[PDB]
Amino acid sequence: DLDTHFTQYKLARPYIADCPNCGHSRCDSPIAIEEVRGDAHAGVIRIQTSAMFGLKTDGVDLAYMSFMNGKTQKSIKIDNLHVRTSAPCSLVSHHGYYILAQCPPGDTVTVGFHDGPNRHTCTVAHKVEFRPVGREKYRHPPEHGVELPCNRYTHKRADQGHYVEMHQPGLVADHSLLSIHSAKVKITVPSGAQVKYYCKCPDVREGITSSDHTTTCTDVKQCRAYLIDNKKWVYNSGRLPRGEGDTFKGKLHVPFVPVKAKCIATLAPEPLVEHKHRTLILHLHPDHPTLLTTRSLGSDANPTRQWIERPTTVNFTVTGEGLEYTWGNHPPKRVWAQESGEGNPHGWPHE
Amino acid sequence: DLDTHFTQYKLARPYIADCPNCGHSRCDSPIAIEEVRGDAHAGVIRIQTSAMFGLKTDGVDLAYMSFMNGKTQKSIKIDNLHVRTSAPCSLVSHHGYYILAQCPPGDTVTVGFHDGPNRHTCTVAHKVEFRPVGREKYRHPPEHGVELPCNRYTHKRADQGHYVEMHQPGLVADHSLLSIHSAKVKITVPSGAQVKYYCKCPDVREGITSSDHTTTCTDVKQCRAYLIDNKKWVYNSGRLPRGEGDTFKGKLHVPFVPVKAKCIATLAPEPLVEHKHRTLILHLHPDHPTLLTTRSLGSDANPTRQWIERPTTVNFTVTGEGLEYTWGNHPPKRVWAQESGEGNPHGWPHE
Amino acid sequence: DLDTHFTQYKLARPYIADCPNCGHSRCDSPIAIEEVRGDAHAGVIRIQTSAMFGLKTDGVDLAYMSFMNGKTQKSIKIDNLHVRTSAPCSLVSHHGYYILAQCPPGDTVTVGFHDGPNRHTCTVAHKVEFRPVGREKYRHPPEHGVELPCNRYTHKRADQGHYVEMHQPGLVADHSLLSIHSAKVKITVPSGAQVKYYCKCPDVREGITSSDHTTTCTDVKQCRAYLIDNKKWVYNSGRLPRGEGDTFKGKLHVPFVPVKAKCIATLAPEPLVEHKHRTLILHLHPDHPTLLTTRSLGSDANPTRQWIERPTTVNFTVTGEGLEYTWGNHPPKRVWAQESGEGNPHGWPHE
């Protein structure tokens, strides 16, 4: 699709905000990454840029990229963005501030394209794993092993399953906003917005203050270029401060929700589950860390816990009423006993 | 280039194979890496892409690029290709479906060109190693220290020294293979291949044959999309099944065999072969794991194992006929007995 | 981009060199890295290429790039250069043989402009400080917690605040230097040179000489293809060797000196100091390892060492003569008590 929820698209407009670490003396780049979410366990990561790529703010094409340079957009191709995490990602779809991308897992996320007088890249921390939700935990994107139940992302961008605060935005600097009132620096709107203000010099800065500007300060770089977008409510980033005198309502959804089904997944290479006489001999040979653990079945209790991330023949003494064997977030298996070494006389010879 | 082994080279077609980690952790692309060979003690890896870069079907240049879009080639410049491991390689030569490339070490192999309807890249896990010939343990050799007789793959092409069976390529998915002959589903060849075609419906399915054809059962998913090669050979892969019945012989060399060369190689910063009375004290100053070991030259064996990556004066009690000392896979020392003490007089007023 | 201290620029020519490491099979790059000055506690790196970017031989601009192709320059744009570390840097300026780039933090340095079918980049290892003198260490100066002195390299190049010993353009490899004068081995200069010389055959077998060329043996490979430019004064690289005779030593500045700035710097998130009676409980939990040590003050010494990155309540027994608490190589804070632990309003001693 291109159009999935004009909830986000129409009612949001890009903005440019500071990147938390960029190492160009800490560049400002419109790819300022907040909310990395490798919270789908299926190879896929949702990333948030501070700019609203997707549809420009209109009806046409996920294949554009509209960030702010100035107070103005810069409506160019989607593919001029480069999300990456470890190895280069492959886009799945963009919607709003949010992109879904097939990426390697990563402790960080590292996005970047040339913009400004620099190379304008952006990086941020967020712990990602494509862990099974259970007694296993995994790294790399699926390419092996059995499927078993964990999170996975929606390819659907209409989701009202959660919503992120976007109600009354505020500033980011865009001193392209800030014109001059013929000696003193003058607040202006990006494309509409109730834009609040102050300078180092005295000015009113509580209430709506789009009709107030500072009449005592000349320097542009000591004043509050604002975007309270109250008709195109933008993502509320940490690198986008809020107003304090205004209130608008415009809480706006997130397109991509990690949902649980049969995620494309992993299963740590096949364990040998064999029952001998009241004993599960278990040759084990995993890849990703598997918590093997048990539930000795019957009147019995006897659990065992040991993370197995190393090949080990272990044993679990199966009782008459059974033992259970829980090779990670692979579903619990079960074993009864009375033996399984074969041959307890308890009959009458005649054969 | 060389056509002295047009056995593989000329008679090689672009081969299409599924990608297991790509754009949703899965995509359709020609490329998909089998038989990665970090088995050399060097720095170079022999790789098989599924795609047949090299020539086209002619004889000229390893610097063209023929991958599959359709069942047909796309014989273009090699400039859109990127062989990489976990970092960009430098090509050495391509011959057949096989590329030799001096690559940094890497857990994965990552190939990709955007020439498809999608991102059209491919990544897969495959084990690469380099280590010292005997003794020492390193992965990829340092940039300093001695050069010494590693295995390494050729600087050239069209060779032989070993051969892997490449006896009949067969069926791979691609519905360009299985077009429709205006009612019934129709097998096609890459450039000419003897196709032992059939479908689920009863037919002959063994023999050296392009006399096996089934049209009785119709659907591309109910029939065997084949390139049974025997004069257009590709290297055999897991994503390249063969016809169920008899092999069409086609055992084919590797033109990228391991040869001796002077690798940048392994030897951690210089040892000191010190001696006192019937003892090799050995002041050692390595920066890398060097398997030191010694051998007391008597009928005593005196084995040793000790990794030295720590600067240490160690000792080995030299027996009465010397000791030898084997400082990694850097050349053996040898040491006589008698005693020393480093030029100490033992008495010297002459009789 | 402008050039003012023609001390380095004019009195120089780029000197061809060979990269120390550039994969298993090295690329020859005349931008070979010596003298990394990345030991700034900021994340910024000054690199020395063996190439003399700057001028072409003109009067203006560091915006060009004169590296060596042959013995001759190749005077093109500097904008093809990419220093990078953990992500792309932004070049700041080149001056002399030295390029400065505002980088993300990184221990090592990796410089490169691609040329030819070879990588043509150059990288090197170099021990870097990311701490001031005294306590703690970082491998990446925090951007979390308080900022306190960080060395950093300039945002400029006009700067002569330190000086390295310099000589002159020594010898360089390349047979472009030595033609044959039809029976004699013939020096060819692209810059003018007083050439210190000898051949395999006897003549002046020191080559402590002014300008000479030994003709007793003739062929470039058995003769001294050296270009000692004595009308130029350049920095001594390791990938620049020099003649065996005269040096023209002359202390000549470095364009880049480590200075303090608004760098992300060397203190991780601030301690949470708690105080009970004569004892500091301290839950501590930064984002980066802080070498904590204390000095329970007075004639009591009490040093402590513990790397703090963990979320752990630790203790340092405040004496009655105070304590100091030394959160890294931050200057010690201090705290005395005899009663803390949330007070005892007296109606009785400690009521």
# chains A, B, ... in the order shown; residues from 1 in each chain; ligands from 1

$ select_by_dssp --residues "stretch 198-314 of chain C" --states "strand (DSSP E)" --output "PyMOL selection string"
chain C and resi 250-254+258-260+280-284+290-295+306-308+312-314

$ calpha_fit_rmsd --fixed "chain A" --moving "chain C"
2.7 Å

$ closest_residue --among "C:5, C:26, C:131, C:253" --to "chain B" --atoms "only C-alpha atoms"
C:26

$ closest_atom_pairs --of "chain C" --to "chain A" --cutoff "9 Å" --atoms "only C-alpha atoms" --output "Markdown table"
| residue | atom | partner | partner_atom | distance |
| --- | --- | --- | --- | --- |
| C:43 | CA | A:23 | CA | 7.7 |
| C:44 | CA | A:23 | CA | 8.2 |
| C:87 | CA | A:121 | CA | 7.9 |
| C:88 | CA | A:119 | CA | 7.0 |
| C:89 | CA | A:24 | CA | 6.3 |
| C:90 | CA | A:24 | CA | 5.8 |
| C:91 | CA | A:118 | CA | 8.5 |
| C:101 | CA | A:24 | CA | 8.7 |
| C:102 | CA | A:24 | CA | 5.6 |
| C:103 | CA | A:23 | CA | 5.1 |
| C:104 | CA | A:23 | CA | 4.0 |
| C:105 | CA | A:23 | CA | 7.3 |
| C:143 | CA | A:21 | CA | 8.1 |
| C:262 | CA | A:25 | CA | 8.4 |
| C:263 | CA | A:25 | CA | 7.4 |
| C:264 | CA | A:25 | CA | 8.7 |

$ atom_distance --atom1 "atom CA of residue C:171" --atom2 "atom CA of residue C:51"
13.9 Å

$ atom_distance --atom1 "atom CA of residue A:268" --atom2 "atom CA of residue A:287"
5.1 Å

$ residues_around --residues "residue A:46" --least-positions-apart "2" --cutoff "12 Å" --atoms "only C-alpha atoms" --output "JSON, numbers by chain"
{"A": [33, 34, 35, 36, 37, 38, 39, 40, 41, 42, 43, 44, 48, 49, 83, 84, 85, 89, 90, 91, 92, 93, 94, 95, 96, 97, 98, 99, 100, 101, 102, 103, 104, 105, 109, 126, 128, 152, 153, 154, 155, 157, 254, 255, 256, 257, 258]}

$ residues_around --residues "residue A:217" --least-positions-apart "3" --cutoff "7 Å" --atoms "only C-alpha atoms" --output "ChimeraX atom specification"
/A:184-185,199,201,214

$ atom_distance --atom1 "atom CA of residue A:271" --atom2 "atom CA of residue A:148"
15.2 Å

$ closest_residue --among "A:198, A:64, A:325, A:53" --to "residue A:15" --atoms "only C-alpha atoms"
A:53

$ closest_residue --among "C:11, C:223, C:187, C:337" --to "residue C:274" --atoms "only C-alpha atoms"
C:337

$ residues_around --residues "residue B:7" --least-positions-apart "6" --cutoff "10 Å" --atoms "only C-alpha atoms" --output "ChimeraX atom specification"
/B:96,158,230-233,250-253

$ residues_around --residues "residue C:182" --least-positions-apart "6" --cutoff "12 Å" --atoms "only C-alpha atoms" --output "NGL selection string"
:C and (215 or 218-219)

$ residues_around --residues "residue B:308" --least-positions-apart "2" --cutoff "8 Å" --atoms "only C-alpha atoms" --output "compact mmCIF listing (two decimals) with N, CA, C and O atoms, in the first residue's frame"
# COMPACT_ATOMS: atom_id res chain seq x y z
N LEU B 284 60.55 -14.23 26.25
CA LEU B 284 59.66 -14.29 25.13
C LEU B 284 58.88 -13.04 25.23
O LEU B 284 58.54 -12.63 26.34
N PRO B 286 55.77 -12.11 22.92
CA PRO B 286 54.82 -12.15 21.82
C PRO B 286 53.69 -11.20 22.10
O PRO B 286 53.55 -10.74 23.23
N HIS B 288 50.73 -12.25 20.45
CA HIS B 288 49.69 -13.08 19.88
C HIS B 288 49.92 -14.47 20.38
O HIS B 288 51.06 -14.79 20.73
N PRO B 289 48.91 -15.36 20.43
CA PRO B 289 49.07 -16.75 20.82
C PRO B 289 50.03 -17.51 19.94
O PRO B 289 49.70 -17.82 18.80
N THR B 290 51.19 -17.87 20.52
CA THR B 290 52.23 -18.58 19.86
C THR B 290 52.28 -19.85 20.63
O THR B 290 52.43 -19.81 21.85
N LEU B 291 52.17 -21.01 19.94
CA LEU B 291 52.32 -22.27 20.62
C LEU B 291 53.79 -22.47 20.75
O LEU B 291 54.47 -22.82 19.79
N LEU B 292 54.29 -22.28 21.98
CA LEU B 292 55.62 -22.66 22.31
C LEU B 292 55.47 -24.07 22.75
O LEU B 292 54.46 -24.46 23.34
N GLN B 306 52.18 -24.76 25.60
CA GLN B 306 51.81 -23.58 26.33
C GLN B 306 51.72 -22.52 25.31
O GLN B 306 52.68 -22.22 24.60
N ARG B 310 51.82 -13.83 26.40
CA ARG B 310 52.24 -13.06 27.53
C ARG B 310 53.74 -13.04 27.56
O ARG B 310 54.34 -14.12 27.53
N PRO B 311 54.43 -11.90 27.63
CA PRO B 311 55.88 -11.86 27.76
C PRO B 311 56.37 -12.53 29.02
O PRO B 311 56.04 -12.07 30.11
N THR B 312 57.13 -13.65 28.88
CA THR B 312 57.43 -14.53 29.97
C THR B 312 58.76 -15.17 29.74
O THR B 312 59.01 -15.74 28.68
